[PDB]
Amino acid sequence: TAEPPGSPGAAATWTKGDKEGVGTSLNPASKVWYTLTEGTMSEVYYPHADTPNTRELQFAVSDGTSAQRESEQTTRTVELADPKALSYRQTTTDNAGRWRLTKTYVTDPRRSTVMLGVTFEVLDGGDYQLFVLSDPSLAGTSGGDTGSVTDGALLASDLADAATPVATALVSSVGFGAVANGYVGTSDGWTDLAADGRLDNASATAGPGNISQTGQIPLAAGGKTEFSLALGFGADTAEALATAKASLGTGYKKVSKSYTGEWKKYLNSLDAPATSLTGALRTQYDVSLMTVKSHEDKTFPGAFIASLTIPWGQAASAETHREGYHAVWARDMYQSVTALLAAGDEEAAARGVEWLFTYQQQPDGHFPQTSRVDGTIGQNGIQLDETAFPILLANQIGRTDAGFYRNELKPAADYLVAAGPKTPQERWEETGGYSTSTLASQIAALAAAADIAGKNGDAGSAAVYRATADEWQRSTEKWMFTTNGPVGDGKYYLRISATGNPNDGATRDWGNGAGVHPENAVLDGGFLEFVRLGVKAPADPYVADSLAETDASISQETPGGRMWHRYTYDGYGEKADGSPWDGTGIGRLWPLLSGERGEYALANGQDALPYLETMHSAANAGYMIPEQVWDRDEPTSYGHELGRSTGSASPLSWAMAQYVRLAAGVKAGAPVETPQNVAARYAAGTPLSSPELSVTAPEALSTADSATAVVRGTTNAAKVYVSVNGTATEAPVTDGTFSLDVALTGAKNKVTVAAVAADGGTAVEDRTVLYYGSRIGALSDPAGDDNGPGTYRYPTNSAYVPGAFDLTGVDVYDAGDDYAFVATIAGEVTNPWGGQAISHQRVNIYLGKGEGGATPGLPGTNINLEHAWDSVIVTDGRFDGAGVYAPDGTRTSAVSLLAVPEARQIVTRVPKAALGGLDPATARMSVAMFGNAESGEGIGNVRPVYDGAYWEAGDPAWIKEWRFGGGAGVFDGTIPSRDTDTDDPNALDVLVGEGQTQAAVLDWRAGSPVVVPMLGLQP
Ligand SMILES: [Ca+2]
Ligand SMILES: [Ca+2]
Ligand SMILES: [Ca+2]
Ligand SMILES: [Ca+2]
Ligand SMILES: [Ca+2]
Ligand SMILES: [Ca+2]
């Protein structure tokens, strides 16, 4: 087969996020969504709202000598063709006024076809040729497409993905004259026409690769010709052609009417907006409502993508699958259904809630950062507000049935309780810690979950959720309201704190090229979520002092009204020269924040209409509200306009949604999505008492001795509930005291203690309990003991953190099939040299029965044990040198090493069988801590100790840098010991029993090798 020149086609990109309009039928049968960009049709989605298939479809007109692209005509307009439907009309006029093209878009509600009603008028003596230029990017990729011709139609496909096969068919109601396929940048229609105003390439086939199709439209005799084009989609070519023809078969006028009628009927069936919405604000409402609606998938009803666009797509390559904003974000979806809910579309919210918990929720209960419309995980960051919003959606909708509560709601709420108040990522998806914005959703979600749990008879989980939410709610100011910020009076809620001390001036890099700034200096309107979600009263005083400074720092007055940047120094936007964001740049204005300020104003009884006015001034002629609008008077080399959409997403369903939701709030006189049960508790009048609660045991962190742990203390509350990892059990209160042996359910047990007063007030306490099984026995050892006989020194190198070789205890647990030998150290448990759990420590635990007398330990050890040993446990996560060893050096069994730095523990799992019938419960044992080393550094992988003075000298340098000092001897590379004196023990410390001391037991000058006492585990 002869392919036209250009293979495989030029590298391509997507389109700018700034859309003039978008559209889809209300009918779920039509699996197509179209977008418009600068006078052309940009990306069209199919079969799911998360898959773009087009880059550009526009017309070219020639006289026979020269040709022009309508995207080159400085004179073109866009306008919504119907005030009650998502149908747009683009008009292109020749710069010389010789011809005029009029295009009106619509889709066939019954099948996946995008239709274009076209009128071409020659205003000259005539004699012009008209060509359609359709450049696809099927299945979300510019490459991999194959263009062909059949039965007078232009065909294209990319079936490289079995789960998402895509093919199209461009058909002309009047057929085509000349038809051609080629490779972009060489044999494509425009490159061709530009050459000589003629279609020289006649090749009817091209690809796979980046191709484009071109079809000449036969013009009627006279000035104007009216016709229509149908772009049908299908799993295959035959399906696509058939769908397109079925559309033309019905006709543009008929299809147009049907499409426009569904939308009109949809709007007319929903709640009537406030009478105070003037014409323009009403149309903005109608278009915003439909647009939000159009972001729901047709194959997975209930799934809403953030936006049918790719921000800065002109700079985003299309060779590989990209996510853009055409993916599902729980947060953005929450904004969407909450808007449809405000407008009166209950079913969309029901499908939505069902979709979230069925398809996107993860087995652990939380919601992924992003996902495909089928639930397939996209980004994997942890945003706690994305787990809280779906709970709030179910709370609002009443989706509270026992089954849904136990299997859906509880796991999500339990995750929140387990995650703690700090979110690893806040709503802007960039950093973590105590977030005003996220903590507001966390508190509201748990407060709501509490009522749902209670309503379902689960008092334990209710107390846990309420007590937790209550504590975070009363800690809002302590954690995030700074009092020494470098702006205004210095008193305001900051954006996020890493420590929970808003006055510590802790810094961090804020990404996107913003650099390092103290948290004290970063202002963010996220605190407004507190009143919006009923977490604080509308007139809360703290939210009030945040206003002035926040406005000064990130607000600005545009001609349409006041607007806000997300936060101080935000760099997520175009660069100073106007070029698209590419990892760094400068954040612009977010119109949705005006809608947010408006809900806060409304909640306080003020007129919110002006905020709607401001939100609408950010829209284009098509009424598309963008994520961002330019904030400078200077239009860089790019055509940026103050108050107009930038290169990012437009429309942003979220911004569209925020406009509708506020509008509804205006009609009701108060924000309509605020959770009533949550506001009743925190935003109403009279506050509640907080009962006293004192948990005396356990401590913040501990290790249990069995499958149960004693949880006790004092309180003046009526009831107390002790919950571990989501399992709550009541603790009966007796004369202000309580005490319960609660069951441990995991290796790590998060224990929440909730105290509930007779009037409803709560107090909470959290404790963490580590569990390895029933404790056989233990051995203790003093800290600051890591100096051998009392003269040893750590090797100067940094890696050797202090206390690394300082044992503080040894605990043995019966762990079912294994024995868990837990060693605790004073120093931090590191693992830099990349090893199993640890790198530096080499502890030995010689097990025996106290028989015989002095018996040598392992080779490079340089020590003896008080009595004979049957086996020794080597804890060395280096060189696979760990396990239980017989006295002859034979490793009788492998072992697993786990590090628990939080507890400064080093766990060694030893299968019971490894200790051939030697029960540690009645065995004698010696414990010694050495430093691991390479064979070439000393016998048996033990880092030797050398003369103190010799070491102090530092000759060579590696001795005082990577070896122990204060013992005896110098380096000798001729013998395996590498030490010229192995009389001194290489143990930096060991365990001794009563009446004896480490200084005497390790005193090698008074005897060598030293004899380490054989001890017994105390129960
Ligand atoms: Ca492709
Ligand atoms: Ca292409
Ligand atoms: Ca689920
Ligand atoms: Ca010690
Ligand atoms: Ca030595
Ligand atoms: Ca010791």
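Values below: all heavy atoms of this structure, side chains included; hydrogens, waters and symmetry mates excluded. Counting begins at 1 with the first residue of the sequence. Just follow the structure's listing: the first ligand is 1, and inside any ligand the first atom is 1.
At a threshold of 3.0 Å, the Ca ion (ligand 1) has no backbone or side-chain N, O or S atom of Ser142 nearer than that distance. At a threshold of 3.0 Å, the Ca ion (ligand 3) has no backbone or side-chain N, O or S atom of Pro363 nearer than that distance. In summary, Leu138 places an N/O/S atom under 3.0 Å from the Ca ion (ligand 1), meeting the contact criterion. Within the coordination shell of the Ca ion (ligand 3), defined by N, O or S atoms under 3.0 Å, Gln361 is present. For residue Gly143, an N/O/S atom approaches the Ca ion (ligand 1) to within less than 3.0 Å.
Salt bridge present: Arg924 and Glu866 bring a charged side-chain N and a carboxylate O closer than 4.0 Å. The pair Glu296-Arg351 meets the salt-bridge criterion, with a side-chain N (NZ, NE, NH1 or NH2) lying under 4.0 Å from an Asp/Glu carboxylate O.
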For this session: Applying side-chain hydrogen bond (donor to acceptor under 3.5 Å, both in side chains), run through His48 and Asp50 and close with a yes or a no.
Result: CA-CA 5 Å; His48 307 333; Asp50 59 22; 5.6 Å; no
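Relative ring orientation between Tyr800 and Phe805 is described as tilted, the plane-to-plane angle lying within the 30° to 60° band. Below 30°, between 30° and 60°, or above 60°: for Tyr46 and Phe233 the angle between ring planes is between 30° and 60°, a tilted geometry. Using cut-offs of 30° and 60° on the angle between ring planes, the pair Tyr325 and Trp329 is perpendicular.
For the pair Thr703 and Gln905, the minimum side-chain heavy-atom distance is below 4.5 Å.
Taking both residues in full, the closest heavy atoms of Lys750 and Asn725 are given as N-ND2, 2.8 Å, listed atom of the first, atom of the second, then distance. Contact between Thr299 and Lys31 at its shortest, heavy atoms only, is OG1-CE, 3.4 Å.
Annotation: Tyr45 is not in aromatic contact with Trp33 [ring centroid separation under 6.0 Å not met].
With the Ca ion (ligand 1) as the vertex, atom OG1 of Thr141 and atom OD2 of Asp158 span an angle of 90° (nearest 10 degrees).
The Ca ion (ligand 1) is closest to atom OD1 of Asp145 (considering only N, O or S atoms). Looking at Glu408, its N, O or S atom nearest to the Ca ion (ligand 3) turns out to be OE2.
Neighbouring protein atoms of the Ca ion (ligand 6) (N, O or S, distance under 3.0 Å, waters ignored): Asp781 OD1, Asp781 OD2, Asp785 OD2, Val990 O, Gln998 OE1.
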